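Line by line, the protein sequences give chains A and A'. A prime marks a further copy of an entry chain.
According to the authors' numbering, the residues represented by the first sequence are 16 to 270, 291 to 357, 370 to 384, 407 to 463, in order.
According to the authors' numbering, the residues represented by the second sequence are 16 to 270, 291 to 357, 370 to 384, 407 to 463, in order.
C-beta: ideal position from N, C-alpha, C; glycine also.
This report concerns only the one structure given below.
Protein chains: 2
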Amino acid sequence: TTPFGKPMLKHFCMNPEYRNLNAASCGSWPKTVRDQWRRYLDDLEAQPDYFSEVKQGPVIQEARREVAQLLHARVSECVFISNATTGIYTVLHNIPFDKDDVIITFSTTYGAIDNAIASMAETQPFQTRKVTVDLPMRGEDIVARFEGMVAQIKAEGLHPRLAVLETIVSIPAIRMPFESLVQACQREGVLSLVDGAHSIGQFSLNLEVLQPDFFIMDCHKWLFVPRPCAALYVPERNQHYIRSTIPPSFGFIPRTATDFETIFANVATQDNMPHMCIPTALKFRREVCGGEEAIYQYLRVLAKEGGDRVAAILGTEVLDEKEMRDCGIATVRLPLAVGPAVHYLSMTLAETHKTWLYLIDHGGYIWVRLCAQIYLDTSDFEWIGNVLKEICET
Amino acid sequence: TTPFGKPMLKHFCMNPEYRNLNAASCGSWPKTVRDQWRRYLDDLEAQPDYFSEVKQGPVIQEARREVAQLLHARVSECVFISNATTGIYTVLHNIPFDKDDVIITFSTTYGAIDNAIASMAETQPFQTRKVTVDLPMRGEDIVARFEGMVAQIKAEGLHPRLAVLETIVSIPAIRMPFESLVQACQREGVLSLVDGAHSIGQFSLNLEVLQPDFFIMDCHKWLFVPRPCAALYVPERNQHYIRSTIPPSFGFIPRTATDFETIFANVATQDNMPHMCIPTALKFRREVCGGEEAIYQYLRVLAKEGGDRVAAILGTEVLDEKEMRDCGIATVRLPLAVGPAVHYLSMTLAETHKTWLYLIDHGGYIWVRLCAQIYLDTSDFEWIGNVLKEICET
Ligand SMILES: *Cc1c(COP(=O)(O)O)cnc(C)c1O
Ligand SMILES: *Cc1c(COP(=O)(O)O)cnc(C)c1O
């Protein structure tokens with residue numbers, strides 16, 4: 016109905032002087048979602064205990080049905096949680112680990128996941144090993160080293176029990192061969208904890224075929240809902256491990292919904308408004324945007340072309356292999384070689422240029438994460454490209 | 016400026032056909048707070064990454080300063096968390112427990128706290144003992160049994176390490192001698208974890224004199240902010256135990292703000308809007324309500340008189356001792384002696422009578438929790454009293 020690009024800007028609530036090239040952080044949602052937000056806000060204030068005990072429940076169950084459909088998985092396998100950190104931690108904490116189990120990570124593993132595991136080892140006797148990924152790589156070369164580390168764990172007598180994978184590495188942001196890595200995890204009896212914080216709403220996902228052991232994802236990062244909003248997927252063959260939420264509450268389980296579902300329903304006080312907006316956003320995505328596939332192909336090609344376009348203006352490169372760019376994200380190199410410098414950038418991109426990006430010192434050179442969105446156009450990449458060029462020269 | 020009672024209703028956003036006798040669940044906030052809420056909502060949608068990285072920080076720090084002042088404690092000792100369950104669990108999880116440490120609870124301890132502790136014992140070797148409180152009691156008789164249990168723990172050779180107290184027992188809701196119990200905890204070297212979920216905004220609190228080892232409280236339950244909103248107080252002499260949030264994130268600590296503060300700042304994605312409204316509510320409470328003390332005395336006397344008034348209509352009693372009613376809560380007995410019955414009540418109080426209460430089968434007789442608020446009047450207690458009487462007879 017509406018074309019992609021700046022014609023979409025009329026359906027979003029962003030200042031015309033604002034260009035959200037970092038939409039996958041706070042999120043970004045259309046006007047029709049905010050309107051729904053305020054109306055639930057209105058209801059909550061009018062009759063608090065009626066909104067919460069009668070009307071709230073149904074909407075959440077619909078949102079679960081729509082997330083489950085978008086993922087090709089049973090609504091009974093999908094549960095709402097506050098954010099990706101809580102869901103990955105919920106899984107890591109329920110699994111009993113032995114003195115001889117090993118948890119495998121990658122140097123790409125999100126930093127908060129490493130802090131989870133380090134803390135778990137203070138009072139639990141398991142151990143850990145990190146697969147060295149120095150980006151760029153080939154997808155297979157990451158799978159190979161992962162194979163090598165499992166083989167070597169079985170050779171020392173220990174037991175490779177679980178591995179933390181990711182779909183999109185946070186930053187430097189690219190797409191990991193998680194399809195291949197889940198299959199590698201299946202062959203050798205290793206639990207595949209997929210950190211798919213960037214997944215739903217950015218590209219297609221079939222959990223029926225992927226069959227991960229656990230799948231966690233942030234809806235607010237790409238599904239046009241506000242932060243915080245995340246969901247957890249656990250197949251039936253694994254729902255027996257999950258016996259408590261984090262923090263524990265009334266649905267705990269000592270050693291017609293299922294018990295698994297009740298665990299994630301009888302929880303402490305939270306605001307389920309972000310989830311209650313999920314339906315509206317999907318409606319918008321179906322009707323105004325021409326369906327999910329339309330949005331995915333646009334996001335990948337914009338990031339493809341807009342990414343190559345920024346690197347041209349700067350004379351640098353977009354992170355790749357020698370497809371890790373099958374996604375609406377382009378990480379570009381910058382003509383650089407400390408933190409007070411990076412600060413200037415930020416507020417020049419903020420008060421001076423009105424926009425916010427995330428940088429990283431990889432390969433000794435600072436990088437930039439460019440987030441595509443259906444309301445951005447290759448000029449806004451040309452625009453930032455020229456903006457970057459300026460601050461760099463200074 | 017405005018008198019208490021139904022003249023306040025014009026400053027709140029409750030349906031005139033709604034009587035919130037359960038304000039301490041979802042919360043209840045004035046018009047001036049909602050207006051502030053929507054304006055932050057507006058800002059977040061206009062310039063997402065500028066609202067979050069530049070403007071958000073300052074407001075939260077002011078809110079901490081105002082909570083810390085309302086509690087008589089250093090702003091550096093007070094930190095924002097999502098809800099009371101997460102904060103109590105954050106404390107319980109950071110403290111290393113030995114095979115010979117014992118955690119003490121009471122049959123009044125909130126149910127989600129017991130689930131926390133039970134789960135902790137599956138992988139940690141400590142042990143636990145429960146002080147039997149059969150309400151009604153005298154405050155001293157609860158302190159006595161608590162003394163008895165510590166004496167008996169030291170006699171068996173174990174070490175009383177920590178005790179979970181509460182200010183307001185959830186339901187049947189009364190005030191516990193937590194001042195006395197904190198002093199009992201100090202004398203015998205026992206850590207006093209105060210679950211003060213009902214505390215701030217309901218009655219006066221001085222942490223400088225009380226000196227609890229940990230203090231957790233729900234602002235949204237009485238401080239005219241929306242759910243979820245809670246704060247955690249840890250004195251300096253104890254901030255060394257707290258090395259991670261739950262779930263852990265980037266501020267973790269392996270074995291000019293303080294490290295403690297950074298722990299509760301560098302956290303996963305959350306909405307700090309409830310906290311960012313704290314200032315406005317306090318402004319409202321100072322100006323429209325004539326200060327904090329005005330609100331506390333009104334809440335206690337309304338619950339005092341309105342509670343006695345409901346019990347009169349019903350011919351029953353208000354839970355007490357033979370002051371546990373020094374609070375804006377009255378629990379009344381009902382002329383009863407199962408769950409499908411209680412269901413009818415709910416929707417008759419809901420669709421039929423438009424209001425929601427929490428019942429409990431204590432002393433074999435169902436009880437009712439009456440929550441006073443500055444916008445309620447003794448007629449609304451007379452009103453519910455007559456409503457209760459009717460459904461009871463049927
Ligand atoms: C954003 C992100 C997270 C954490 O998401 P929260 O909502 O902050 O818990 C974790 N891992 C990766 C790779 C991410 O991109
Ligand atoms: C309300 C309450 C809690 C839990 O508060 P949440 O915000 O749901 O974590 C715990 N204990 C008591 C006594 C309460 O009244």
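Query                                                                                                                         : Result
8 Å contact criterion, which A:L208 and A:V179 should meet: CB distance rounded                                               : 5 Å
Cut-off 8 Å between Cβ atoms - residues of its own chain near A:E81, not counting five sequence neighbours on either side     : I313, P314 and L317
Contiguous beta strand (DSSP E) assignments of at least 3 residues, all confined to the stretch 199-254 of chain A            : 206-210, 229-233 and 245-248
Any C-beta of chain A' under 8 Å from that of A:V69                                                                           : yes
Nearest neighbour of A:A88, chosen from A:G342, A:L354 and A:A246 [CA to CA]                                                  : A:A246
Opposing strand residues paired with residue 14 of chain A' [DSSP bridges]                                                    : The structure shown has nothing for residue 14 of chain A', since chain A' only spans 16 to 463.
Any non-hydrogen atom of ligand 2 closer than 7 Å to A':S185 Cβ                                                               : yes
Chain-ordered residues of the stretch 293-311 of chain A' with a beta carbon less than 7 Å from chain A                       : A303, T304, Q305 and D306
A':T105: CB within 7 Å of a non-hydrogen atom of ligand 2                                                                     : no
Closer than 8 Å to chain A by CB, A':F319                                                                                     : no
Beta-carbon spacing of A':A441, A':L337 below 8 Å                                                                             : yes
Which listed residue (A':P111, A':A131, A':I110 and A':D113) has its alpha carbon closest to that of A':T120                  : A':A131
A':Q217 burial status per 10 Å Cβ neighbour count (16 or more: buried)                                                        : buried
Proximity test, A:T138 beta-carbon vs ligand 1 heavy atom, cut-off 7 Å                                                        : no
Closer than 7 Å: A:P22 CB and nearest ligand 2 heavy atom                                                                     : no
Unbroken alpha helix (DSSP H) run spanning A':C461, endpoints                                                                 : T447 to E462
C-alpha gap between A:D373 and A':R190, whole angstroms                                                                       : 59 Å
Distance CB(A:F19)-CB(A:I443) smaller than 8 Å                                                                                : yes
CB-CB length for A':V184 against A':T123, believed under 8 Å                                                                  : 4 Å
A:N98 beta carbon near ligand 1 (any heavy atom closer than 7 Å)                                                              : yes
Touching by the beta-carbon criterion (3+ pairs, under 8 Å), the stretch 411-420 of chain A and the stretch 22-37 of chain A' : no
C-alpha gap between A':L334 and A':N221, whole angstroms                                                                      : 18 Å
A':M23 at chain A interface by Cβ criterion, 8 Å                                                                              : no
Range of the contiguous alpha helix (DSSP H) that encloses A':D116                                                            : From DSSP, A':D116 is part of no alpha helix (DSSP H) but of the beta strand (DSSP E) over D116 to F121.
The alpha helix (DSSP H) enclosing A':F295, as first and last residue numbers                                                 : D294 to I298
Distance cut-off 7 Å: A':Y125 Cβ against heavy atoms of ligand 2                                                              : yes
Interface residues of chain A' facing A:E137 [CB-CB closer than 7 Å]                                                          : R270
Check: residue 467 of chain A C-beta below 7 Å from any heavy atom of ligand 2                                                : As displayed, chain A neither begins before 16 nor continues past 463, which places residue 467 of chain A out of reach and without an answer.
A':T291, buried or exposed, once every other Cβ within 10 Å from all chains shown has been counted against 16                 : exposed
8 Å Cβ cutoff met for A:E356 and A:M152                                                                                       : yes
As assigned by DSSP and simplified to three states, the class of A:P45                                                        : strand
Neighbour-count burial assignment, A':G326, 16 or more Cβ in a 10 Å radius                                                    : exposed
Close beta carbons around A:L59, own chain, < 7 Å, minus the five adjacent residues each side                                 : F66
Rounded distance between the beta-carbons of A:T105 and A:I257, thought under 8 Å                                             : 7 Å
Neighbour flag for A:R49 against chain A', beta carbons, 8 Å                                                                  : yes
Proximal chain A' residues relative to A:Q62, where beta-carbon distance stays under 8 Å                                      : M29, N30, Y33 and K423
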